[PDB]
>>> print(open('data_17.tsv').read())   # TSV, C-alpha atoms and all ligand atoms
chain	number	residue	atom	x	y	z
Y	5	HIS	CA	-0.90	11.34	-10.73
Y	6	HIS	CA	2.46	10.05	-12.31
Y	7	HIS	CA	4.12	12.52	-9.83
Y	8	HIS	CA	3.05	10.27	-6.85
Y	9	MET	CA	4.85	7.08	-8.22
Y	10	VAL	CA	6.11	4.77	-5.37
Y	11	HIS	CA	8.29	1.60	-5.49
Y	12	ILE	CA	6.15	-1.52	-4.75
Y	13	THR	CA	7.49	-5.04	-3.95
Y	14	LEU	CA	5.79	-8.46	-3.72
Y	15	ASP	CA	5.60	-9.69	-0.05
Y	16	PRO	CA	6.24	-13.49	-0.21
Y	17	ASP	CA	4.74	-14.07	3.32
Y	18	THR	CA	1.25	-13.68	1.71
Y	19	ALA	CA	1.82	-15.42	-1.75
Y	20	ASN	CA	-0.18	-18.56	-2.56
Y	21	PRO	CA	2.21	-21.54	-2.64
Y	22	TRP	CA	1.52	-22.13	-6.36
Y	23	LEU	CA	2.86	-18.64	-7.29
Y	24	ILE	CA	6.45	-18.05	-8.62
Y	25	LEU	CA	8.00	-14.65	-7.62
Y	26	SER	CA	11.06	-13.23	-9.56
Y	27	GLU	CA	14.25	-12.66	-7.47
Y	28	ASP	CA	13.80	-8.82	-7.86
Y	29	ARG	CA	10.15	-9.02	-6.38
Y	30	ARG	CA	8.67	-7.26	-9.49
Y	31	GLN	CA	6.93	-10.28	-11.06
Y	32	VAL	CA	4.24	-12.87	-10.09
Y	33	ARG	CA	2.92	-15.82	-12.24
Y	34	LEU	CA	1.32	-19.23	-11.45
Y	35	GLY	CA	3.74	-22.25	-11.42
Y	36	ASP	CA	2.34	-25.63	-12.65
Y	37	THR	CA	3.67	-27.32	-9.44
Y	38	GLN	CA	3.10	-26.54	-5.72
Y	39	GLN	CA	5.77	-25.20	-3.26
Y	40	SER	CA	6.66	-26.28	0.27
Y	41	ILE	CA	6.75	-23.09	2.44
Y	42	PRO	CA	5.30	-22.27	5.93
Y	43	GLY	CA	1.63	-22.41	6.93
Y	44	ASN	CA	1.56	-18.79	8.27
Y	45	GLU	CA	-1.54	-16.58	9.01
Y	46	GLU	CA	-0.53	-14.05	6.26
Y	47	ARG	CA	-0.67	-16.56	3.34
Y	48	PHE	CA	-3.54	-17.05	0.79
Y	49	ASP	CA	-4.14	-20.87	0.96
Y	50	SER	CA	-6.96	-21.20	-1.66
Y	51	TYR	CA	-6.86	-18.46	-4.41
Y	52	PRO	CA	-3.80	-17.29	-6.47
Y	53	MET	CA	-3.39	-13.92	-4.57
Y	54	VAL	CA	-0.28	-11.94	-3.29
Y	55	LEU	CA	0.07	-8.53	-1.53
Y	56	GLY	CA	2.51	-5.59	-1.81
Y	57	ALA	CA	4.87	-5.30	1.19
Y	58	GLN	CA	4.37	-1.57	1.84
Y	59	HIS	CA	1.70	-0.36	4.34
Y	60	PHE	CA	0.04	3.04	3.67
Y	61	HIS	CA	-1.80	4.94	6.55
Y	62	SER	CA	-2.03	8.36	4.63
Y	63	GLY	CA	-1.09	10.34	1.49
Y	64	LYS	CA	-1.29	10.00	-2.33
Y	65	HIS	CA	0.40	6.93	-3.97
Y	66	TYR	CA	0.53	5.55	-7.55
Y	67	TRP	CA	1.97	2.50	-9.45
Y	68	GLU	CA	1.78	0.79	-12.91
Y	69	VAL	CA	1.41	-2.98	-13.76
Y	70	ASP	CA	2.03	-4.45	-17.30
Y	71	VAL	CA	-0.60	-7.18	-18.33
Y	72	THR	CA	0.33	-7.53	-22.09
Y	73	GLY	CA	-1.20	-10.73	-23.71
Y	74	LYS	CA	-2.92	-12.01	-20.47
Y	75	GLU	CA	-6.52	-13.38	-20.88
Y	76	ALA	CA	-7.26	-12.56	-17.18
Y	77	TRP	CA	-6.01	-10.88	-13.95
Y	78	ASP	CA	-7.17	-8.97	-10.77
Y	79	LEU	CA	-5.57	-5.56	-9.67
Y	80	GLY	CA	-6.45	-3.36	-6.65
Y	81	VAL	CA	-5.74	-2.40	-2.98
Y	82	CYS	CA	-7.27	-3.78	0.28
Y	83	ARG	CA	-7.35	-3.33	4.11
Y	84	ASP	CA	-4.54	-5.14	6.07
Y	85	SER	CA	-7.41	-6.85	8.09
Y	86	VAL	CA	-8.90	-8.90	5.09
Y	87	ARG	CA	-9.27	-12.72	5.42
Y	88	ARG	CA	-6.50	-14.82	3.75
Y	89	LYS	CA	-7.91	-18.35	4.53
Y	90	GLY	CA	-10.66	-20.19	2.55
Y	91	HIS	CA	-13.25	-19.02	-0.09
Y	92	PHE	CA	-14.70	-15.40	-0.31
Y	93	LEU	CA	-16.03	-12.36	-2.35
Y	94	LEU	CA	-13.79	-9.62	-3.87
Y	95	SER	CA	-16.05	-6.74	-2.62
Y	96	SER	CA	-15.70	-3.14	-1.26
Y	97	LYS	CA	-18.09	-4.14	1.61
Y	98	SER	CA	-15.38	-6.71	2.74
Y	99	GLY	CA	-12.59	-4.08	2.35
Y	100	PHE	CA	-11.39	-4.97	-1.25
Y	101	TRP	CA	-11.15	-2.10	-3.82
Y	102	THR	CA	-10.39	-4.04	-7.04
Y	103	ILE	CA	-11.09	-4.53	-10.83
Y	104	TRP	CA	-10.52	-7.71	-12.96
Y	105	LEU	CA	-10.55	-9.45	-16.38
Y	106	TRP	CA	-12.17	-12.97	-16.57
Y	107	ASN	CA	-13.51	-14.96	-19.57
Y	108	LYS	CA	-10.86	-13.54	-22.00
Y	109	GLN	CA	-12.60	-10.14	-22.76
Y	110	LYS	CA	-15.07	-9.56	-19.83
Y	111	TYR	CA	-13.87	-6.55	-17.65
Y	112	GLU	CA	-15.65	-5.92	-14.29
Y	113	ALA	CA	-15.50	-4.02	-10.96
Y	114	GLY	CA	-15.64	-4.91	-7.25
Y	115	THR	CA	-19.01	-3.37	-6.32
Y	116	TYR	CA	-21.51	-5.69	-4.56
Y	117	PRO	CA	-22.90	-6.75	-6.87
Y	118	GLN	CA	-20.25	-6.39	-9.58
Y	119	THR	CA	-20.34	-3.70	-12.32
Y	120	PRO	CA	-19.22	-4.65	-15.89
Y	121	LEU	CA	-16.99	-2.26	-17.96
Y	122	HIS	CA	-17.16	-1.06	-21.62
Y	123	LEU	CA	-13.59	-0.23	-22.89
Y	124	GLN	CA	-12.81	0.62	-26.58
Y	125	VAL	CA	-9.01	-0.08	-26.14
Y	126	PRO	CA	-7.95	-3.27	-24.21
Y	127	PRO	CA	-5.37	-2.12	-21.58
Y	128	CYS	CA	-1.79	-3.51	-21.89
Y	129	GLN	CA	-0.70	-1.50	-18.75
Y	130	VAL	CA	-2.82	-0.29	-15.75
Y	131	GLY	CA	-2.22	2.70	-13.40
Y	132	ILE	CA	-3.57	2.48	-9.78
Y	133	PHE	CA	-3.76	5.79	-7.76
Y	134	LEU	CA	-4.74	5.80	-4.06
Y	135	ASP	CA	-5.55	9.05	-2.21
Y	136	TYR	CA	-6.10	7.92	1.39
Y	137	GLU	CA	-7.40	11.30	2.80
Y	138	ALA	CA	-9.97	11.67	-0.05
Y	139	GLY	CA	-11.18	8.03	0.53
Y	140	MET	CA	-10.72	7.19	-3.20
Y	141	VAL	CA	-8.88	4.63	-5.38
Y	142	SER	CA	-8.80	4.98	-9.21
Y	143	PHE	CA	-7.59	2.95	-12.22
Y	144	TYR	CA	-6.34	4.24	-15.61
Y	145	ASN	CA	-5.91	2.69	-19.06
Y	146	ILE	CA	-2.27	3.54	-19.97
Y	147	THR	CA	-2.67	2.23	-23.61
Y	148	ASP	CA	-5.53	4.79	-24.27
Y	149	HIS	CA	-3.65	8.06	-23.33
Y	150	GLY	CA	-4.52	7.44	-19.63
Y	151	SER	CA	-8.40	7.26	-19.79
Y	152	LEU	CA	-10.22	6.59	-16.43
Y	153	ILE	CA	-11.66	3.01	-16.17
Y	154	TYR	CA	-13.39	3.21	-12.74
Y	155	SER	CA	-13.03	4.91	-9.36
Y	156	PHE	CA	-14.23	3.76	-5.90
Y	157	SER	CA	-15.17	6.56	-3.47
Y	158	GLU	CA	-16.61	7.63	-0.03
Y	159	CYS	CA	-14.25	4.77	1.09
Y	160	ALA	CA	-13.77	6.07	4.74
Y	161	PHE	CA	-10.49	4.02	5.39
Y	162	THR	CA	-9.33	3.67	9.07
Y	163	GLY	CA	-6.50	1.09	9.07
Y	164	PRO	CA	-3.38	0.47	6.97
Y	165	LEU	CA	-3.89	-0.35	3.26
Y	166	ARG	CA	-2.04	-2.79	0.95
Y	167	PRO	CA	-1.48	-3.06	-2.84
Y	168	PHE	CA	-3.24	-6.27	-4.12
Y	169	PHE	CA	-2.58	-8.62	-7.14
Y	170	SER	CA	-3.52	-11.97	-8.83
Y	171	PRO	CA	-2.29	-13.18	-12.26
Y	172	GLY	CA	-5.45	-15.41	-12.56
Y	173	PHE	CA	-5.81	-19.23	-13.10
Y	174	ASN	CA	-4.66	-20.61	-16.52
Y	175	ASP	CA	-7.59	-23.08	-16.61
Y	176	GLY	CA	-7.07	-22.87	-20.46
Y	177	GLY	CA	-3.20	-22.88	-20.41
Y	178	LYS	CA	-3.17	-19.50	-22.26
Y	179	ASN	CA	-2.81	-17.09	-19.25
Y	180	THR	CA	0.80	-18.15	-18.34
Y	181	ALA	CA	2.75	-14.82	-18.74
Y	182	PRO	CA	3.09	-12.67	-15.56
Y	183	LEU	CA	2.06	-9.30	-13.94
Y	184	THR	CA	5.25	-7.12	-14.14
Y	185	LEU	CA	5.33	-3.85	-12.05
Y	186	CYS	CA	6.71	-1.34	-14.70
Y	187	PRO	CA	8.49	2.06	-14.25
H	201	LIG	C1	-12.40	-17.94	-9.94
H	201	LIG	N1	-13.82	-18.10	-10.16
H	201	LIG	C2	-14.72	-17.85	-9.19
H	201	LIG	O1	-14.48	-18.11	-7.99
H	201	LIG	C3	-16.03	-17.22	-9.60
H	201	LIG	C4	-16.95	-17.04	-8.57
H	201	LIG	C5	-18.18	-16.47	-8.83
H	201	LIG	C6	-18.53	-16.06	-10.11
H	201	LIG	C7	-19.90	-15.48	-10.35
H	201	LIG	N2	-19.95	-14.23	-11.09
H	201	LIG	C8	-19.51	-13.07	-10.31
H	201	LIG	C9	-18.02	-12.96	-10.43
H	201	LIG	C10	-17.39	-12.97	-11.66
H	201	LIG	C11	-16.02	-12.93	-11.74
H	201	LIG	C12	-15.29	-12.92	-10.56
H	201	LIG	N3	-13.89	-12.90	-10.68
H	201	LIG	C13	-13.15	-13.73	-11.46
H	201	LIG	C14	-11.87	-13.35	-11.30
H	201	LIG	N4	-11.80	-12.27	-10.45
H	201	LIG	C15	-13.04	-12.04	-10.08
H	201	LIG	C16	-15.90	-12.90	-9.31
H	201	LIG	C17	-15.20	-12.94	-8.02
H	201	LIG	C18	-14.00	-13.54	-7.78
H	201	LIG	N5	-13.78	-13.47	-6.45
H	201	LIG	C19	-12.62	-13.96	-5.71
H	201	LIG	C20	-11.50	-14.51	-6.57
H	201	LIG	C21	-10.90	-13.74	-7.56
H	201	LIG	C22	-9.88	-14.25	-8.35
H	201	LIG	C23	-9.41	-15.54	-8.13
H	201	LIG	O2	-8.40	-16.06	-8.89
H	201	LIG	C24	-8.34	-15.70	-10.27
H	201	LIG	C25	-10.00	-16.32	-7.16
H	201	LIG	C26	-11.03	-15.80	-6.39
H	201	LIG	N6	-14.81	-12.86	-5.78
H	201	LIG	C27	-15.68	-12.56	-6.73
H	201	LIG	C28	-16.96	-11.91	-6.31
H	201	LIG	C29	-17.28	-12.97	-9.27
H	201	LIG	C30	-17.60	-16.24	-11.14
H	201	LIG	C31	-16.36	-16.80	-10.89
>>> encode(input="data_17.tsv", output="structure tokens")
Amino acid sequence: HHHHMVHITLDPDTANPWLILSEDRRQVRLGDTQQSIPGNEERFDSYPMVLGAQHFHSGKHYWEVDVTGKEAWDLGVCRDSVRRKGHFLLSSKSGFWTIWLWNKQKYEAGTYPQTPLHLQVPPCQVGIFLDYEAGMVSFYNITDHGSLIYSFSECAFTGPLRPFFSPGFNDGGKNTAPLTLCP
């Protein structure tokens, strides 16, 4: 899978106005203040979400995302046609293929309804591999010699796909450090 690595970048036309992007486009975290920027159709107005720039309509692709220290997060890939505006469900049935950490140590998966996870080694880095023809997306624990964490399947896929991120709320003030796309 490592042999399908692709360069991903944060598209700032989607980013929630509370989110701070690095100047290299390799980092997202939540800023304590808001930002004045356009009201455009592509932006997530409610929830702290941002997309990858690159559209995929075929082939095998793979990236890695550091999450060292973080007490929550959401990683995945989604259809280009997903809603951006208002309140909704992270679910495969709504075209979101995702996993998350919430409540400090509670790992879970975007089935409807949602499927908890049982991991022996808490992941510090996470591999995401999409194979568009196969209709699959997969997720690996880098810290634990690359063990498989969960894998969507029989996905169909008809339109363009997008990498998908969220560094989580810091409701507690202890989830401040960012998602950093690693090499
Ligand atoms: C934020 N909190 C809630 O809204 C909430 C909503 C419902 C529940 C009820 N139990 C199911 C359950 C548990 C956990 C989660 N979750 C938490 C983090 N990621 C996923 C979800 C979930 C979340 N979304 C959308 C989303 C994702 C991230 C985000 O920013 C960080 C904002 C919006 N959709 C579902 C479905 C559902 C618990 C918490």
>>> closest_residue(input="data_17.tsv", among="Y:105, Y:81, Y:123, Y:94", to="residue 161 in chain Y", atoms="all atoms listed in the file")
Y:81
>>> closest_residue(input="data_17.tsv", among="Y:19, Y:12, Y:82, Y:76", to="ligand LIG 201 (chain H)", atoms="all atoms listed in the file")
Y:76
>>> closest_residue(input="data_17.tsv", among="Y:14, Y:138, Y:121, Y:23", to="residue 180 in chain Y", atoms="only C-alpha atoms")
Y:23
>>> closest_residue(input="data_17.tsv", among="Y:91, Y:7, Y:64, Y:59", to="ligand LIG 201 (chain H)", atoms="only C-alpha atoms and all ligand atoms")
Y:91
>>> closest_residue(input="data_17.tsv", among="Y:176, Y:99, Y:164, Y:127", to="residue 148 in chain Y", atoms="all atoms listed in the file")
Y:127
>>> closest_atom_pairs(input="data_17.tsv", of="chain Y", to="ligand LIG 201 (chain H)", cutoff="7 Å", atoms="only C-alpha atoms and all ligand atoms", output="Markdown table")
| residue | atom | partner | partner_atom | distance |
| --- | --- | --- | --- | --- |
| Y:51 | CA | H:LIG201 | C25 | 4.7 |
| Y:52 | CA | H:LIG201 | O2 | 5.3 |
| Y:53 | CA | H:LIG201 | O2 | 7.0 |
| Y:77 | CA | H:LIG201 | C24 | 6.5 |
| Y:78 | CA | H:LIG201 | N4 | 5.7 |
| Y:92 | CA | H:LIG201 | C19 | 6.0 |
| Y:93 | CA | H:LIG201 | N6 | 3.7 |
| Y:94 | CA | H:LIG201 | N6 | 3.9 |
| Y:95 | CA | H:LIG201 | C28 | 6.4 |
| Y:104 | CA | H:LIG201 | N4 | 5.4 |
| Y:105 | CA | H:LIG201 | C14 | 6.5 |
| Y:106 | CA | H:LIG201 | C13 | 5.3 |
| Y:118 | CA | H:LIG201 | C8 | 6.8 |
| Y:170 | CA | H:LIG201 | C24 | 6.3 |
| Y:171 | CA | H:LIG201 | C24 | 6.8 |
| Y:172 | CA | H:LIG201 | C24 | 3.7 |
| Y:173 | CA | H:LIG201 | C24 | 5.2 |
>>> residues_around(input="data_17.tsv", residues="residue 152 in chain Y", least_positions_apart="6", cutoff="12 Å", atoms="all atoms listed in the file", output="PyMOL selection string")
chain Y and resi 5+121-123+125+127+130-133+141-146
>>> closest_residue(input="data_17.tsv", among="Y:35, Y:21, Y:73, Y:56", to="residue 185 in chain Y", atoms="only C-alpha atoms")
Y:56
>>> atom_distance(input="data_17.tsv", atom1="CA of residue 71 in chain Y", atom2="CA of residue 84 in chain Y")
24.8 Å
>>> residues_near_point(input="data_17.tsv", point="(7.1, -17.7, -8.7)", cutoff="10 Å", atoms="only C-alpha atoms", output="list in words")
residues 16, 19, 20, 21, 22, 23, 24, 25, 26, 27, 29, 31, 32, 33, 34, 35, 39 and 182 of chain Y
>>> atom_distance(input="data_17.tsv", atom1="CA of residue 45 in chain Y", atom2="CA of residue 15 in chain Y")
13.4 Å
>>> residues_around(input="data_17.tsv", residues="residue 47 in chain Y", least_positions_apart="3", cutoff="6 Å", atoms="all atoms listed in the file", output="PyMOL selection string")
chain Y and resi 17-19+44
>>> axis_aligned_box(input="data_17.tsv", around="range 16-32 of chain Y", padding_each_side="3 Å", output="JSON")
{"center_x": 7.0, "center_y": -14.7, "center_z": -3.9, "size_x": 20.4, "size_y": 20.9, "size_z": 20.4}
